[PDB]
Each structure stands twice: as structure tokens, then as C-alpha cells.
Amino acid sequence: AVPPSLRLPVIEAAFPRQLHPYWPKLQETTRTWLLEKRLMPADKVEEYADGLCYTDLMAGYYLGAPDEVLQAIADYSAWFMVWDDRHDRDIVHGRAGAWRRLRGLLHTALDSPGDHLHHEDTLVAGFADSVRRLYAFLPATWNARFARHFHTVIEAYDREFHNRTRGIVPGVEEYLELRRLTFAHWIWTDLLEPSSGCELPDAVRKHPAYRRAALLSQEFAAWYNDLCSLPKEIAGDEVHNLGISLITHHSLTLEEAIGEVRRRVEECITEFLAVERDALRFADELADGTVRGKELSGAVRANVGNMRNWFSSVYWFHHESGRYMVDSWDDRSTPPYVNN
């Protein structure tokens, strides 16, 4: 059961959870990867990794993915969690130089991951290993789009570094634009395609129904994260959160901001339900009787189905993962799974 302040009855009633059959092997393989790439200390891997539920999150999202595709996605996603932790710790400890150098190496490794597989910085080497594997599934045109999207994500993280160092809370609209990048909306959307085995042509993925369904899936996920991660983020002096922007710039109380974020999250669901009908009609239209048409139709249908799965996976992840359980920590500002 979910606390009433975080409960979304429409998710529970209309978005039933799904789990990829590879999940049991995925859980252990990603844990071993985190250990072997030295992305987390061995004792913290053993104590916390399974409880963090990072593989559960992805195995509830990219249904139908080939096992090796899901493995690369899960490793990359766990890396992404550790990177968020490193970014936070660099801010907290004022390591502007270390952040800047890491930022530059990630930009370079993103374009040439093979060159960085054995880099002295284990965080860079881990990134490169996952990215090189992601680059082996689809044509180089997809790889170039992934890279373009992630260069933008890195710079959004750099903007967050500047905001927190300068004591700046973004305005609400500024935040919503930034959040599409710090949450990596377009990366998760890109990764639908290797999961269904097909790079979608620009004309297909830029169709308004596909774009809008993809957007709303990610807006829900990011703002639901904001709702559930607000306590940990307040305790950690994090400033990036829709609720924090509302409190700071619209002078809402903590209770008023929670209610406002909740209402915006709820609206994402029913806006998605409306556009999902249009997106599945588009999927039907692509089935024009040709082989390629059947392939594109099936791929769009699978991707839209996983856009829907993201709602339930993200919902339950926030209640299962130890990442957000600030009430259990000795130091509310320092999560125990983080390298401080």
C-alpha cells in the first residue's frame, strides 16, 4: 500500500505492473557490474544494491527487450544513479574542478566510448562500457541521436551544479524545461527503440501523437519523482524539484506545493490516456500491408506500450527503493549508499 499523499488510484487500477522475465538474472548481473566496475564500494553493494531496485525499475519499463539490450540499459541506468550521487557529492563538497573534468570526460566518452573502456576514472570507464554496448544494437544514426541527447543532459547537470553552488532555485517554467533534460526524457525515449528492435524514422517518432505520448510518460515520471523525492531533497539542500520552485517563487506552503505537484502528476495520466488512443491509431495506420509497415506498426505499438509501463514502474519504484527512505538514515543529508 502507498501513503495517501503519494497514492494514485488511476495507476493502481488502470496501469497494472509488468515485469520482464530476465529480471532475476538482471538483478545479479547489474549488481556484479557495479562491483566489478568499482562504481560502489563492495560493502555498500552487498548492503544496499538490491534494495535500491534499479534493475526492477528498468525491468518494469522496457518489456519485450532482448535480454542483452535490457542488461545494457540496466547497467547504464545504475551508472546514471551513481552519477547523480557523484554530482550531488561534488556540489556538497565544492569540488568544482573535479566536476568540470568529469563533465568533459563524459562528453568525450559519449562520442568515443570504446576509447574510454579502461579509463583511470572508474565512473567514466563504467559509462563507456554501458554506452559502447548500447551503440551495438541499432545503426549509427541511432547512436548519434543518443549522443546528441546525452550531451544536452550533461550540460543540464552542469547547469544544476551552477544553480546549487550559486544558491539559485529555478523558476517554475525554467525548472520544467530543465527537468526534461536532467531527467533525461529523450534518452529513455530513445531507448524504447533498441528494446523493440527497430530504429524509428524521423517521420514516425516525430508524429505529434508519438511525441506527445512520449513526453507525457516522462513528465509523469519526473514529477512523480519530484513528489516522492522531495523529503530527501529538502534534507540534502537539493534545489531542483517542482515543489521547491513552487514554494520559492509562488510562496506556497509545503502542503500546498505537494498538492499542486500531485495534481500536475494526476493530469499527466489522463492526458496520456487521451493521446495514447491517437498514438495507437497511428500505429494501426502504419500497418499498410507491407513488411516494413508491419515492422513499424509493431514497433510503435510496443514503444507506446512501454511508455505506459513507465507509469507503473516509476510509481512502484518510489515506494520500494531504499533510495528515498530518508527517515531511516543517521544523517538525513547523506544517504548511506552514497560515497561521502
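So that there is no doubt, residue numbering starts at 1 and follows the sequence shown.
When the C-alpha B-factors of 168-176 and 128-136 are averaged, 168-176 comes out higher.
Remark: stretch with higher mean C-alpha B factor among 158-166 and 246-254 is 246-254. Per the PDB entry, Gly289 shows the highest C-alpha temperature factor of the residues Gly64, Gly51, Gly289, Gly305. For the set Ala42, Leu273, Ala299, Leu70, the PDB entry assigns the largest Cα B-factor to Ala42. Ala221: CA B factor in the lowest third of modelled residues in this chain (values from the PDB entry).
In this PDB entry, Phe282 carries a Cα temperature factor that places it within the highest third of its chain's modelled residues. Split the chain's modelled residues into thirds by C-alpha temperature factor. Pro208 is in the highest one. Ranked against the other modelled residues of its chain, the C-alpha B-factor of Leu35 as given in the entry falls in the highest third.
Annotation for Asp237: C-alpha temperature factor in the highest third relative to the rest of the modelled chain, per the entry.
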